[PDB]
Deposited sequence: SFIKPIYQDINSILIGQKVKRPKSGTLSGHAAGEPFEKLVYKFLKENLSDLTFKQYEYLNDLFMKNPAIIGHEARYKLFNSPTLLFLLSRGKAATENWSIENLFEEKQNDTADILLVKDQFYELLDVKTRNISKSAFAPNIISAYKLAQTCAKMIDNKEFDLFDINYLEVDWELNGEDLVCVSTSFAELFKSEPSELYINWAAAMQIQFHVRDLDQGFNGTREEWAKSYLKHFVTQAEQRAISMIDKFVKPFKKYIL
């Protein structure tokens, strides 16, 4: 992680600051890691400007030089082709990372989550378990196991004042422990502070291991659906 070596300072500077503290975190990185800090859409824009001679989606989809990167970063075909110095990319919540850290072609997909301590703890949607599945399949089909890391920074607040923060990395957690809430848009849910960080194997093992977990949960869920949405309603079908 590019930001871990300076996570302590972020924690310090944030604790006390008076829902989107995301902006304050971004502002920070921009001042301490100016050469590495990009918003995802900024990155795409900058990448397209360096090559004004390359137009059309299929062509601009080549500029990534990585099928996993293309998958995690690229916008829709129409949007890519309609991109121009005149018609640039803007925010877009559906963008994978909230903050992109790049260096030596290594990418840290950082997301910033915020929780309202006052409220009763409720694990938020962290990411699509399917999207993660596909992502893991790309890493293997293409053998890209040393390209990006998916990390999270959490900022706890109350009535708004930041009271504390947390920092964890997805690829350092036990893939078999990730909770997949199928009803909630098949999204993994957890609190950064509660994320397990003891994975010992390689990034490829993780990828494989996650798939086993995803596939296994999808099997179980298919069955539990008959359990919860079929059996208890047989009564009335006569």
Can you list the gaps, in order, where the deposited sequence has no modelled residues? 19 to 33, 175 to 178
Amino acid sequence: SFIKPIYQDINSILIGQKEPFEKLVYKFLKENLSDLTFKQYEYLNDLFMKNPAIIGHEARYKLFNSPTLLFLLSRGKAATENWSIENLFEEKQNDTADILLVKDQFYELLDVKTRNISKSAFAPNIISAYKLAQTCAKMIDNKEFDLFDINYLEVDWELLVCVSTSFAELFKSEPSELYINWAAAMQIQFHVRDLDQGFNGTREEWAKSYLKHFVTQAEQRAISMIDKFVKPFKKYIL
From here on, numbers count along this sequence of modelled residues.
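Here the rigid core means the biggest group of C-alpha atoms that line up within 1.5 Å when the two forms are laid on top of each other.
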Of 147 to 155 and 89 to 97, the one with the larger RMS C-alpha deviation from the shown form in 7 other deposited structures of this protein, core-superposed, is 89 to 97
Core fit done; bigger CA RMS in 7 other deposited structures of this protein for 22 to 30 or for 205 to 213? 22 to 30
Between 108 to 116 and 127 to 135, name whichever shows the higher mean Cα B factor according to the PDB entry. 108 to 116
Test of understanding: from the entry's C-alpha B-factors, which stretch has the higher mean, 91 to 99 or 164 to 172? 91 to 99
Just to confirm, going by the entry's C-alpha B-factors, which of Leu147, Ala78, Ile150, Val155 comes out highest? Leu147
Largest Cα B-factor, entry values, listed residues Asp46, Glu204, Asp194, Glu177: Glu204
Third assignment of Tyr61 from its chain's C-alpha B-factors: highest
Would you mind ranking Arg221 by its C-alpha B-factor against the rest of the chain and naming the third, lowest, middle or highest? lowest
By the entry's values, the third containing the CA B factor of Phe38 is the middle
Where the record places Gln17 (Cα B-factor, split into thirds across the chain): highest
Should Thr68 be placed in the lowest, middle or highest third of its chain by the C-alpha B factor in the entry? highest
